Amino acid sequence: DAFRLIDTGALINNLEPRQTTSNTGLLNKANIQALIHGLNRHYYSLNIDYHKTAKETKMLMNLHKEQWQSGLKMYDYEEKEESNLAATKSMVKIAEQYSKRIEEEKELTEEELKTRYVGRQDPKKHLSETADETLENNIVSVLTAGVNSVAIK
Amino acid sequence: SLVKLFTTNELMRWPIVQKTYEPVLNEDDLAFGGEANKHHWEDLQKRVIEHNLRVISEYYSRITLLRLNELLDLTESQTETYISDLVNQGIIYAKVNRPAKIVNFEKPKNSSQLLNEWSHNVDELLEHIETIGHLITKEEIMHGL
Amino acid sequence: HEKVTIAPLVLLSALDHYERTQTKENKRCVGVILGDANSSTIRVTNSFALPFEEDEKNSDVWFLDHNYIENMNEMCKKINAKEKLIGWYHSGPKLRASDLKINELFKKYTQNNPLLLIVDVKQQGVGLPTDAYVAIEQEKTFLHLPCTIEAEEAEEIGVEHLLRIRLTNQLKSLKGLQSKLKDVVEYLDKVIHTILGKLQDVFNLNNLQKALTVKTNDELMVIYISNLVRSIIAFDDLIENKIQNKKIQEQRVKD
Amino acid sequence: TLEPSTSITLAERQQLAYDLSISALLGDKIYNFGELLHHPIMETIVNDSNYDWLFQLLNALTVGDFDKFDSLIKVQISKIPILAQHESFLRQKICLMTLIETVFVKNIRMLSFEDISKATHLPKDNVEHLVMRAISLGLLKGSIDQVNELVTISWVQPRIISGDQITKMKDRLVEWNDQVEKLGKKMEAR
């Protein structure tokens, strides 16, 4: 947030509002919606952007990802993920156990194929829970398994 | 030297050391009751055999039973007597094959191999990029100066 | 041991003083890090530059004002009281003879072991554009501490708003052996064993895995068992969606 | 390293080299007499009058001949049998460091009872006891297999030798580079 005074003057100049999403006041809603017209004074209409040089943009792209394991990904998370792989194998089995039990009760209670059920989208939610979760658990056991050994000699 | 002997003890020099120096060892008339010195010979032999098998597990992974009897100063029947008390009391463990005459360490596989023991291979390359990255600048200092 | 934590506020601040001062390769911008070196985790929450002048003709000639060092450290105490003098940072890709003579300056007002930092604006090769080193003597002995970057909640999230794997890992791993090979050959002709002894320790420690090779393949099959079951689940949705796609086509024919 | 300090003449260098030499006779730790040769000592002292023990015991840990050193010395150090025992450890430790990667090509660690008996000039009974005493002193680690005649010793004691690891390190460089052109470019050109 910012503030800038206007009072008398500041007119007979270039176009302040036309820049970014100004000329507003549908209902009272803008920003914090405690403002409407006056805001602090006159609706200075802040515009917040950012610009950086070629050196600054090159940094945060490669530097900032999640945390720093970088420069070698092989052995840093290898021992940590492999040690919990025995427990992960047992935890992913429970997720599959509750998968088909939802789809089994889904088609068992519907003999109609109409909507009295306020079920407007029933299947896609539970279908994605059995898909996206399955799609999440298998890819982390494959893509990581390729670099989990890579021993050669 | 007797305390550190149990680690390297082969029981080859055991009868030699007790004869030359026997202050508390063989003949002891102080603070020990008895009708003879036979109690010193039996009690001391029980301790040197238990410590003999203990260090073999940390040194020899696999050893022939025929050679083990000569190292323990025992026989076929006397060898199974002392090792039975060590395993039953929960001290150490070993492998005894009567028909095969094979004595091994019996390395436990309960560690799930790669799931655990891989922790020894992470420290190999942990110092790889760290040591090289430090020497790149250090070598250029002596080359430039 | 100890680790060096460099906040993104400090890394981006040192890069600003380089462009604004029009610093060429003949000069190196020097600055002072601020933080807490007492604990094992060394965090730098503040950085500022200094009117430093470099002379390439004489490595013993440097211009540094100690008045601006004590004044700015005292005036910045009003912001946070956790900011003290843990060391200093300077620019340039390499460490010249002028950097060794300036190490004993800040040691007078510094209690614990000072911390040195090298900021590289070019960032040529591998990672770590900013390398940290400690200055301690028994002859100057420098040790490289692990360099990590951790910021506050609003600082780490603010980076994501401004920006709104396996192949790279294999490329840098192959270059590690190429760069190490050049360091051994150049050191071989330089002497004609102590430095090579440390590299031999890491290099020595299906060669040693032959005993675990049999148990490794048995574990890889168990991993495929889970992948085979998850693949069948994804295959059932393909047939389920194929039948579901026909139900939409059946409504288009009647209607 | 002291350049400026510790002013010393040729008289005290021979007295200093005496305590440095005798320390390595029974010393089984930190390489061997060759470290004293690495420093400017042997070049600054006389080559005879029992100062040549560094030169005689250097090759004595390779060829394994005890008659060369024992003939040129006196009865002072030859009376103690422990001195003859420690000379057997350093002789085998040179070959035991070759088990993983120093010289040997295939880089596979295996040792039998026959191969180690000829290198140490000792029978099969005395070589089994010599390895057990070497690990007991903290110099080595590992286990011993008498059933299949296998000796597995973990690497502990470092060495200052070099030049033989450059070619074998290239093996990891060339073999892994082939996967960059084949496997590496396969995933990238996907």
# chains A, B, ... in the order shown; residues from 1 in each chain; ligands from 1
$ closest_atom_pairs --of "chain C" --to "chain B" --cutoff "10 Å" --atoms "only C-alpha atoms" --output "CSV"
residue,atom,partner,partner_atom,distance
C:93,CA,B:137,CA,9.6
C:94,CA,B:137,CA,7.2
C:95,CA,B:141,CA,7.3
C:96,CA,B:141,CA,7.2
C:97,CA,B:145,CA,7.8
C:126,CA,B:133,CA,9.7
C:128,CA,B:133,CA,9.9
C:131,CA,B:134,CA,9.4
C:133,CA,B:134,CA,9.1
C:142,CA,B:134,CA,8.9
C:143,CA,B:134,CA,7.6
C:144,CA,B:134,CA,6.2
C:145,CA,B:130,CA,8.7
C:146,CA,B:130,CA,8.1
C:173,CA,B:129,CA,9.3
C:176,CA,B:129,CA,7.3
C:177,CA,B:132,CA,9.8
C:179,CA,B:132,CA,8.3
C:180,CA,B:132,CA,6.8
C:182,CA,B:136,CA,10.0
C:183,CA,B:136,CA,7.4
C:186,CA,B:139,CA,9.0
C:187,CA,B:139,CA,7.7
C:190,CA,B:143,CA,8.0
C:195,CA,B:135,CA,8.2
C:196,CA,B:135,CA,10.0
C:198,CA,B:131,CA,7.6
C:199,CA,B:131,CA,7.2
C:201,CA,B:124,CA,8.9
C:202,CA,B:124,CA,6.0
C:203,CA,B:128,CA,7.9
C:204,CA,B:124,CA,8.6
C:205,CA,B:124,CA,5.5
C:212,CA,B:113,CA,7.4
C:213,CA,B:114,CA,9.8
C:215,CA,B:113,CA,7.0
C:216,CA,B:114,CA,6.9
C:219,CA,B:114,CA,8.2
$ write_last_selection --atoms "N, CA and C atoms" --output "mmCIF file, in the first residue's frame"
data_model
loop_
_atom_site.group_PDB
_atom_site.id
_atom_site.type_symbol
_atom_site.label_atom_id
_atom_site.label_comp_id
_atom_site.auth_asym_id
_atom_site.auth_seq_id
_atom_site.Cartn_x
_atom_site.Cartn_y
_atom_site.Cartn_z
ATOM 1 N N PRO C 93 36.392 -12.590 -8.702
ATOM 2 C CA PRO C 93 36.336 -14.053 -8.850
ATOM 3 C C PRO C 93 37.427 -14.789 -8.093
ATOM 4 N N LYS C 94 38.582 -14.165 -7.877
ATOM 5 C CA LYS C 94 39.748 -14.849 -7.344
ATOM 6 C C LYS C 94 40.255 -14.151 -6.087
ATOM 7 N N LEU C 95 41.085 -14.872 -5.338
ATOM 8 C CA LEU C 95 41.727 -14.353 -4.134
ATOM 9 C C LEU C 95 43.170 -13.998 -4.475
ATOM 10 N N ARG C 96 43.487 -12.708 -4.439
ATOM 11 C CA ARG C 96 44.825 -12.227 -4.737
ATOM 12 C C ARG C 96 45.609 -12.025 -3.441
ATOM 13 N N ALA C 97 46.841 -11.529 -3.581
ATOM 14 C CA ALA C 97 47.688 -11.296 -2.418
ATOM 15 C C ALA C 97 47.183 -10.149 -1.553
ATOM 16 N N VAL C 126 29.671 -24.443 -12.400
ATOM 17 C CA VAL C 126 29.073 -25.189 -11.291
ATOM 18 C C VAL C 126 28.014 -24.335 -10.587
ATOM 19 N N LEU C 128 27.068 -22.250 -6.499
ATOM 20 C CA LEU C 128 27.624 -21.442 -5.419
ATOM 21 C C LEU C 128 28.267 -20.155 -5.924
ATOM 22 N N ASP C 131 30.998 -17.951 -2.189
ATOM 23 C CA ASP C 131 31.723 -18.934 -1.400
ATOM 24 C C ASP C 131 32.182 -18.312 -0.088
ATOM 25 N N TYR C 133 34.502 -18.644 3.532
ATOM 26 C CA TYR C 133 35.706 -19.229 4.103
ATOM 27 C C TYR C 133 35.962 -18.613 5.471
ATOM 28 N N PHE C 142 42.682 -21.678 5.683
ATOM 29 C CA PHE C 142 41.303 -21.385 5.327
ATOM 30 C C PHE C 142 40.532 -22.680 5.117
ATOM 31 N N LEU C 143 39.312 -22.725 5.647
ATOM 32 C CA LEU C 143 38.436 -23.879 5.517
ATOM 33 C C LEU C 143 37.108 -23.434 4.923
ATOM 34 N N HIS C 144 36.582 -24.233 4.000
ATOM 35 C CA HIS C 144 35.326 -23.921 3.329
ATOM 36 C C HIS C 144 34.172 -24.541 4.107
ATOM 37 N N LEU C 145 33.304 -23.692 4.648
ATOM 38 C CA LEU C 145 32.124 -24.127 5.377
ATOM 39 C C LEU C 145 30.961 -24.349 4.415
ATOM 40 N N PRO C 146 30.035 -25.250 4.745
ATOM 41 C CA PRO C 146 28.893 -25.488 3.852
ATOM 42 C C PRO C 146 28.033 -24.241 3.714
ATOM 43 N N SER C 173 28.054 -34.016 -12.540
ATOM 44 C CA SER C 173 28.780 -35.147 -11.973
ATOM 45 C C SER C 173 29.932 -35.580 -12.871
ATOM 46 N N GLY C 176 32.900 -33.129 -12.569
ATOM 47 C CA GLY C 176 33.669 -33.227 -11.338
ATOM 48 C C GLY C 176 34.948 -34.021 -11.515
ATOM 49 N N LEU C 177 34.913 -35.051 -12.362
ATOM 50 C CA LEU C 177 36.114 -35.829 -12.639
ATOM 51 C C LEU C 177 37.047 -35.109 -13.604
ATOM 52 N N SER C 179 37.421 -31.727 -13.823
ATOM 53 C CA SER C 179 38.087 -30.664 -13.078
ATOM 54 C C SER C 179 39.092 -31.222 -12.081
ATOM 55 N N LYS C 180 38.811 -32.395 -11.508
ATOM 56 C CA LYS C 180 39.755 -33.008 -10.580
ATOM 57 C C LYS C 180 40.985 -33.539 -11.302
ATOM 58 N N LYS C 182 42.447 -32.210 -13.933
ATOM 59 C CA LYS C 182 43.337 -31.097 -14.243
ATOM 60 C C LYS C 182 44.070 -30.602 -13.003
ATOM 61 N N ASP C 183 43.457 -30.733 -11.824
ATOM 62 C CA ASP C 183 44.115 -30.292 -10.599
ATOM 63 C C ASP C 183 45.266 -31.213 -10.216
ATOM 64 N N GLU C 186 48.294 -30.568 -13.009
ATOM 65 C CA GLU C 186 48.976 -29.298 -12.784
ATOM 66 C C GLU C 186 49.770 -29.304 -11.484
ATOM 67 N N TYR C 187 49.270 -29.994 -10.455
ATOM 68 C CA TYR C 187 50.011 -30.081 -9.201
ATOM 69 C C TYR C 187 51.195 -31.031 -9.314
ATOM 70 N N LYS C 190 53.898 -29.014 -10.749
ATOM 71 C CA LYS C 190 54.204 -27.876 -9.888
ATOM 72 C C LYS C 190 55.228 -28.243 -8.821
ATOM 73 N N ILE C 195 48.441 -32.417 -0.530
ATOM 74 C CA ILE C 195 47.188 -32.005 -1.154
ATOM 75 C C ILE C 195 46.520 -33.188 -1.845
ATOM 76 N N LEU C 196 47.304 -34.002 -2.556
ATOM 77 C CA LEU C 196 46.752 -35.177 -3.221
ATOM 78 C C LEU C 196 46.302 -36.244 -2.233
ATOM 79 N N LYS C 198 44.406 -35.757 0.412
ATOM 80 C CA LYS C 198 43.000 -35.521 0.728
ATOM 81 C C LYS C 198 42.096 -35.965 -0.415
ATOM 82 N N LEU C 199 42.526 -35.742 -1.660
ATOM 83 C CA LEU C 199 41.738 -36.194 -2.802
ATOM 84 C C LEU C 199 41.765 -37.711 -2.934
ATOM 85 N N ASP C 201 41.768 -39.709 -0.424
ATOM 86 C CA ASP C 201 40.880 -40.231 0.611
ATOM 87 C C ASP C 201 39.452 -40.356 0.098
ATOM 88 N N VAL C 202 38.995 -39.373 -0.678
ATOM 89 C CA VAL C 202 37.641 -39.409 -1.219
ATOM 90 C C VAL C 202 37.562 -40.344 -2.421
ATOM 91 N N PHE C 203 38.598 -40.347 -3.262
ATOM 92 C CA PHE C 203 38.575 -41.169 -4.468
ATOM 93 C C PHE C 203 38.591 -42.656 -4.133
ATOM 94 N N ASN C 204 39.333 -43.045 -3.095
ATOM 95 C CA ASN C 204 39.371 -44.451 -2.707
ATOM 96 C C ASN C 204 38.073 -44.857 -2.019
ATOM 97 N N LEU C 205 37.635 -44.072 -1.040
ATOM 98 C CA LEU C 205 36.394 -44.357 -0.328
ATOM 99 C C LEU C 205 35.180 -43.987 -1.174
ATOM 100 N N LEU C 212 26.702 -56.533 -2.289
ATOM 101 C CA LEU C 212 25.345 -56.007 -2.214
ATOM 102 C C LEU C 212 24.640 -55.990 -3.564
ATOM 103 N N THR C 213 25.310 -56.424 -4.635
ATOM 104 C CA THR C 213 24.679 -56.431 -5.951
ATOM 105 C C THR C 213 23.555 -57.459 -6.017
ATOM 106 N N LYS C 215 21.672 -58.504 -3.466
ATOM 107 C CA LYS C 215 20.544 -58.004 -2.688
ATOM 108 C C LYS C 215 19.923 -56.755 -3.300
ATOM 109 N N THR C 216 20.648 -56.055 -4.176
ATOM 110 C CA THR C 216 20.098 -54.855 -4.795
ATOM 111 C C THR C 216 19.043 -55.204 -5.837
ATOM 112 N N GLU C 219 15.689 -56.050 -4.354
ATOM 113 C CA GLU C 219 14.916 -54.900 -3.902
ATOM 114 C C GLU C 219 14.323 -54.119 -5.068
#
$ closest_atom_pairs --of "chain B" --to "chain D" --cutoff "7 Å" --atoms "only C-alpha atoms" --output "CSV"
residue,atom,partner,partner_atom,distance
B:8,CA,D:133,CA,6.6
B:59,CA,D:143,CA,5.2
B:60,CA,D:144,CA,4.7
B:61,CA,D:144,CA,5.2
B:62,CA,D:145,CA,4.6
B:63,CA,D:146,CA,5.2
B:64,CA,D:147,CA,6.9
$ write_last_selection --atoms "N, CA and C atoms" --output "compact mmCIF listing (two decimals), in the first residue's frame"
# COMPACT_ATOMS: atom_id res chain seq x y z
N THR B 8 44.28 -59.77 21.63
CA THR B 8 45.20 -60.48 20.75
C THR B 8 45.49 -61.91 21.19
N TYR B 59 37.18 -60.19 14.12
CA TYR B 59 38.32 -60.33 13.22
C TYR B 59 38.07 -61.39 12.16
N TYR B 60 37.90 -62.65 12.54
CA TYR B 60 37.70 -63.74 11.59
C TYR B 60 36.20 -63.90 11.34
N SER B 61 35.77 -63.62 10.11
CA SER B 61 34.37 -63.80 9.76
C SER B 61 34.03 -65.28 9.57
N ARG B 62 34.94 -66.04 8.98
CA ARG B 62 34.73 -67.46 8.74
C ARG B 62 36.01 -68.21 9.07
N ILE B 63 35.89 -69.25 9.90
CA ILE B 63 37.05 -70.00 10.37
C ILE B 63 36.67 -71.47 10.50
N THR B 64 37.63 -72.34 10.21
CA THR B 64 37.41 -73.78 10.31
C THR B 64 37.33 -74.20 11.77
$ closest_atom_pairs --of "chain D" --to "chain A" --cutoff "10 Å" --atoms "only C-alpha atoms" --output "Markdown table"
| residue | atom | partner | partner_atom | distance |
| --- | --- | --- | --- | --- |
| D:106 | CA | A:153 | CA | 9.9 |
| D:107 | CA | A:153 | CA | 9.3 |
| D:171 | CA | A:153 | CA | 9.1 |
| D:172 | CA | A:153 | CA | 7.3 |
| D:175 | CA | A:153 | CA | 8.4 |
| D:176 | CA | A:152 | CA | 8.2 |
$ closest_residue --among "A:15, A:72, A:54, A:32" --to "chain B" --atoms "only C-alpha atoms"
A:72
$ residues_around --residues "residue 53 (chain B)" --least-positions-apart "4" --cutoff "12 Å" --atoms "only C-alpha atoms" --output "JSON, numbers by chain"
{"B": [6, 7, 8, 9, 10, 11, 46, 47, 48, 49, 57, 58, 59, 60, 61, 63, 65, 68, 69, 71, 72, 73, 79, 80, 82, 83, 84, 86, 87, 91, 92, 93, 94, 95, 103, 104, 105]}
$ interface_residues --of "chain A" --to "chain C" --cutoff "10 Å" --atoms "only C-alpha atoms" --output "compact mmCIF listing (two decimals) with N, CA, C and O atoms, in the first residue's frame"
# COMPACT_ATOMS: atom_id res chain seq x y z
N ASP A 49 4.73 -2.75 -9.97
CA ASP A 49 5.37 -3.67 -10.90
C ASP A 49 6.82 -3.87 -10.46
O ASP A 49 7.26 -3.36 -9.43
N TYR A 50 7.57 -4.64 -11.26
CA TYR A 50 8.96 -4.90 -10.95
C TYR A 50 9.74 -5.08 -12.25
O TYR A 50 9.22 -5.63 -13.22
N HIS A 51 10.99 -4.61 -12.25
CA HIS A 51 11.88 -4.77 -13.38
C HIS A 51 13.29 -5.01 -12.87
O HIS A 51 13.74 -4.35 -11.92
N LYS A 52 14.00 -5.95 -13.49
CA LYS A 52 15.34 -6.32 -13.08
C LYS A 52 16.24 -6.42 -14.31
O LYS A 52 15.77 -6.51 -15.45
N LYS A 55 21.39 -9.74 -15.09
CA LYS A 55 22.13 -10.48 -14.07
C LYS A 55 21.23 -10.88 -12.91
O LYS A 55 21.39 -11.97 -12.34
N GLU A 56 20.29 -10.02 -12.53
CA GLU A 56 19.42 -10.32 -11.40
C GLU A 56 18.40 -11.40 -11.75
O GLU A 56 18.06 -12.23 -10.90
N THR A 57 17.91 -11.40 -12.99
CA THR A 57 16.96 -12.43 -13.40
C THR A 57 17.62 -13.79 -13.53
O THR A 57 16.97 -14.82 -13.31
N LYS A 58 18.91 -13.83 -13.88
CA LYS A 58 19.62 -15.10 -14.00
C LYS A 58 19.81 -15.78 -12.65
O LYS A 58 19.97 -17.00 -12.60
N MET A 59 19.78 -15.02 -11.56
CA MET A 59 20.04 -15.59 -10.24
C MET A 59 18.85 -16.39 -9.72
O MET A 59 18.90 -17.62 -9.63
N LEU A 60 17.75 -15.69 -9.40
CA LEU A 60 16.65 -16.32 -8.68
C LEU A 60 16.01 -17.47 -9.46
O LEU A 60 15.35 -18.32 -8.85
N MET A 61 16.18 -17.51 -10.78
CA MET A 61 15.63 -18.62 -11.55
C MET A 61 16.33 -19.93 -11.20
O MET A 61 15.68 -20.92 -10.86
N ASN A 62 17.66 -19.95 -11.28
CA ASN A 62 18.41 -21.16 -10.95
C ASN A 62 18.60 -21.32 -9.45
O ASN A 62 18.63 -22.45 -8.95
N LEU A 63 18.73 -20.21 -8.71
CA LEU A 63 19.02 -20.30 -7.28
C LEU A 63 17.81 -20.82 -6.50
O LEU A 63 17.93 -21.78 -5.73
N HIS A 64 16.65 -20.19 -6.67
CA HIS A 64 15.48 -20.48 -5.85
C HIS A 64 14.63 -21.55 -6.53
O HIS A 64 14.06 -21.31 -7.60
N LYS A 65 14.54 -22.72 -5.90
CA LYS A 65 13.63 -23.76 -6.37
C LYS A 65 12.76 -24.29 -5.23
O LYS A 65 11.56 -24.00 -5.19
N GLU A 66 13.34 -25.05 -4.31
CA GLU A 66 12.65 -25.45 -3.08
C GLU A 66 13.57 -25.24 -1.88
O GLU A 66 13.34 -24.35 -1.06
N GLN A 67 14.62 -26.06 -1.80
CA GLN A 67 15.70 -25.90 -0.84
C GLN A 67 17.01 -26.09 -1.59
O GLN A 67 16.99 -26.22 -2.82
N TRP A 68 18.15 -26.11 -0.90
CA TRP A 68 19.43 -26.30 -1.58
C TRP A 68 19.95 -27.70 -1.30
O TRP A 68 20.53 -27.97 -0.25
N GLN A 69 19.73 -28.60 -2.26
CA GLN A 69 20.53 -29.79 -2.47
C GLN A 69 21.45 -29.67 -3.68
O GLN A 69 22.16 -30.62 -4.00
N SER A 70 21.44 -28.52 -4.35
CA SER A 70 21.69 -28.50 -5.78
C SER A 70 23.16 -28.74 -6.12
O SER A 70 24.04 -28.81 -5.25
N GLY A 71 23.40 -28.86 -7.42
CA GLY A 71 24.68 -29.14 -8.02
C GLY A 71 25.01 -30.62 -8.12
O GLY A 71 25.64 -31.04 -9.09
N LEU A 72 24.55 -31.42 -7.15
CA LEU A 72 24.46 -32.87 -7.27
C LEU A 72 23.17 -33.30 -6.59
O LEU A 72 23.02 -33.08 -5.38
N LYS A 73 22.24 -33.90 -7.33
CA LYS A 73 21.02 -34.40 -6.71
C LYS A 73 21.12 -35.87 -6.31
O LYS A 73 20.26 -36.35 -5.56
N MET A 74 22.15 -36.58 -6.76
CA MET A 74 22.22 -38.03 -6.62
C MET A 74 22.17 -38.50 -5.17
O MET A 74 21.16 -39.08 -4.74
N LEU A 85 11.82 -45.69 2.40
CA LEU A 85 11.12 -46.41 1.35
C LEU A 85 10.42 -47.65 1.90
O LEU A 85 9.38 -48.06 1.38
N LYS A 89 6.46 -47.96 1.35
CA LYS A 89 5.81 -49.09 0.69
C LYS A 89 4.58 -49.54 1.46
O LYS A 89 3.58 -49.96 0.86
N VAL A 92 1.67 -46.54 1.10
CA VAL A 92 0.97 -46.45 -0.17
C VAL A 92 -0.02 -47.59 -0.36
O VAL A 92 -0.94 -47.47 -1.18
N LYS A 93 0.15 -48.69 0.37
CA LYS A 93 -0.79 -49.79 0.28
C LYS A 93 -2.14 -49.44 0.90
O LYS A 93 -3.18 -49.89 0.42
N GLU A 96 -4.37 -47.41 -1.52
CA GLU A 96 -5.08 -48.23 -2.50
C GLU A 96 -6.23 -49.00 -1.87
O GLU A 96 -7.22 -49.29 -2.54
N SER A 99 -9.24 -47.01 -2.01
CA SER A 99 -9.57 -46.56 -3.36
C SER A 99 -10.81 -47.26 -3.90
O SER A 99 -11.84 -46.62 -4.15
N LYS A 100 -10.73 -48.58 -4.09
CA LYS A 100 -11.85 -49.32 -4.67
C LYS A 100 -13.05 -49.39 -3.75
O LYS A 100 -14.17 -49.61 -4.23
N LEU A 127 -12.98 -40.38 -8.68
CA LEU A 127 -12.16 -40.95 -9.74
C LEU A 127 -10.78 -40.32 -9.76
O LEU A 127 -9.77 -41.01 -9.99
N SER A 128 -10.70 -39.01 -9.52
CA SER A 128 -9.40 -38.34 -9.47
C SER A 128 -8.64 -38.71 -8.20
O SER A 128 -7.40 -38.74 -8.22
N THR A 130 -8.61 -41.65 -6.91
CA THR A 130 -8.01 -42.93 -7.24
C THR A 130 -7.03 -42.84 -8.41
O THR A 130 -6.32 -43.82 -8.67
N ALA A 131 -6.99 -41.71 -9.10
CA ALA A 131 -6.09 -41.50 -10.23
C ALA A 131 -4.90 -40.63 -9.86
O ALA A 131 -3.75 -41.08 -9.93
N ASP A 132 -5.15 -39.37 -9.49
CA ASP A 132 -4.07 -38.44 -9.18
C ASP A 132 -3.19 -38.96 -8.05
O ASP A 132 -1.96 -38.80 -8.09
N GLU A 133 -3.79 -39.57 -7.03
CA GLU A 133 -2.99 -40.17 -5.96
C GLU A 133 -2.19 -41.35 -6.48
O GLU A 133 -1.01 -41.51 -6.14
N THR A 134 -2.80 -42.20 -7.31
CA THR A 134 -2.06 -43.28 -7.95
C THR A 134 -1.00 -42.72 -8.90
O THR A 134 0.11 -43.24 -8.97
N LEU A 135 -1.34 -41.64 -9.62
CA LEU A 135 -0.37 -40.99 -10.48
C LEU A 135 0.74 -40.31 -9.69
O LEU A 135 1.84 -40.12 -10.23
N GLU A 136 0.49 -39.95 -8.43
CA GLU A 136 1.53 -39.35 -7.61
C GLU A 136 2.45 -40.40 -7.01
O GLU A 136 3.67 -40.20 -6.95
N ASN A 137 1.90 -41.53 -6.58
CA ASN A 137 2.69 -42.53 -5.87
C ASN A 137 3.59 -43.34 -6.80
O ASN A 137 4.67 -43.77 -6.38
N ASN A 138 3.18 -43.56 -8.04
CA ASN A 138 3.99 -44.37 -8.94
C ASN A 138 5.16 -43.59 -9.54
O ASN A 138 6.24 -44.16 -9.73
N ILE A 139 4.97 -42.30 -9.82
CA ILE A 139 6.04 -41.53 -10.45
C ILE A 139 7.18 -41.27 -9.48
O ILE A 139 8.34 -41.16 -9.89
N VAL A 140 6.88 -41.16 -8.18
CA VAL A 140 7.94 -40.94 -7.21
C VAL A 140 8.71 -42.22 -6.91
O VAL A 140 9.80 -42.17 -6.34
N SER A 141 8.16 -43.38 -7.28
CA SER A 141 8.85 -44.66 -7.15
C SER A 141 9.56 -45.08 -8.42
O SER A 141 10.16 -46.16 -8.45
N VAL A 142 9.51 -44.27 -9.48
CA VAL A 142 10.13 -44.59 -10.75
C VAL A 142 11.21 -43.57 -11.07
O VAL A 142 12.39 -43.92 -11.19
N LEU A 143 10.81 -42.31 -11.23
CA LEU A 143 11.77 -41.25 -11.56
C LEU A 143 12.88 -41.17 -10.52
O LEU A 143 14.05 -40.93 -10.87
N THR A 144 12.55 -41.37 -9.25
CA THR A 144 13.58 -41.40 -8.21
C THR A 144 14.34 -42.72 -8.22
O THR A 144 15.50 -42.76 -7.80
N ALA A 145 13.71 -43.80 -8.70
CA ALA A 145 14.39 -45.09 -8.75
C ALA A 145 15.47 -45.12 -9.82
O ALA A 145 16.43 -45.89 -9.70
N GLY A 146 15.34 -44.30 -10.86
CA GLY A 146 16.37 -44.25 -11.88
C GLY A 146 17.69 -43.71 -11.35
O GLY A 146 18.76 -44.20 -11.71
N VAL A 147 17.62 -42.69 -10.48
CA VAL A 147 18.81 -42.17 -9.83
C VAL A 147 19.06 -42.80 -8.47
O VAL A 147 20.04 -42.44 -7.80
N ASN A 148 18.21 -43.73 -8.04
CA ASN A 148 18.40 -44.38 -6.75
C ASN A 148 19.59 -45.34 -6.76
O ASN A 148 20.11 -45.66 -5.68
N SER A 149 20.02 -45.80 -7.93
CA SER A 149 21.20 -46.65 -8.00
C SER A 149 22.29 -46.00 -8.85
O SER A 149 23.26 -45.46 -8.30
N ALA A 151 24.74 -46.87 -10.31
CA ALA A 151 26.07 -47.18 -9.78
C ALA A 151 27.07 -47.46 -10.90
O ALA A 151 28.18 -46.92 -10.89
N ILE A 152 26.68 -48.29 -11.87
CA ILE A 152 27.58 -48.78 -12.91
C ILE A 152 28.80 -49.38 -12.22
O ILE A 152 28.69 -50.37 -11.50
N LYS A 153 29.97 -48.78 -12.44
CA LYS A 153 31.19 -49.20 -11.76
C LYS A 153 31.60 -48.16 -10.73
O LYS A 153 31.46 -46.96 -10.96
$ interface_residues --of "chain D" --to "chain C" --cutoff "12 Å" --atoms "only C-alpha atoms" --output "count of residues only"
60
$ residues_around --residues "residue 22 (chain A)" --least-positions-apart "2" --cutoff "12 Å" --atoms "only C-alpha atoms" --output "number ranges by chain"
A: 15-20, 24-26, 30-31, 37, 43-47
$ interface_residues --of "chain A" --to "chain B" --cutoff "8 Å" --atoms "only C-alpha atoms" --output "tab-separated table (two decimals) with N, CA, C and O atoms, in the first residue's frame"
chain	number	residue	atom	x	y	z
A	75	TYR	N	23.23	-38.25	-4.40
A	75	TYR	CA	23.38	-38.88	-3.09
A	75	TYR	C	22.78	-38.07	-1.95
A	75	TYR	O	22.72	-38.58	-0.82
A	76	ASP	N	22.36	-36.83	-2.19
A	76	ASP	CA	21.87	-35.99	-1.10
A	76	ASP	C	20.58	-36.55	-0.52
A	76	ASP	O	20.49	-36.83	0.69
A	79	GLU	N	19.93	-41.43	0.40
A	79	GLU	CA	19.85	-42.19	1.64
A	79	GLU	C	18.61	-41.82	2.44
A	79	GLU	O	18.03	-42.69	3.11
A	82	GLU	N	15.59	-43.53	0.57
A	82	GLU	CA	15.68	-44.98	0.59
A	82	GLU	C	15.43	-45.54	1.99
A	82	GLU	O	14.86	-46.63	2.13
A	83	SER	N	15.85	-44.82	3.03
A	83	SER	CA	15.63	-45.29	4.39
A	83	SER	C	14.15	-45.33	4.74
A	83	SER	O	13.72	-46.21	5.49
A	84	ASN	N	13.37	-44.38	4.23
A	84	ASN	CA	11.93	-44.35	4.46
A	84	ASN	C	11.14	-45.08	3.38
A	84	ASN	O	9.91	-45.09	3.43
A	85	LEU	N	11.82	-45.69	2.40
A	85	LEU	CA	11.12	-46.41	1.35
A	85	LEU	C	10.42	-47.65	1.90
A	85	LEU	O	9.38	-48.06	1.38
A	86	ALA	N	10.98	-48.27	2.94
A	86	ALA	CA	10.33	-49.41	3.56
A	86	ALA	C	9.01	-49.01	4.21
A	86	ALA	O	8.01	-49.74	4.10
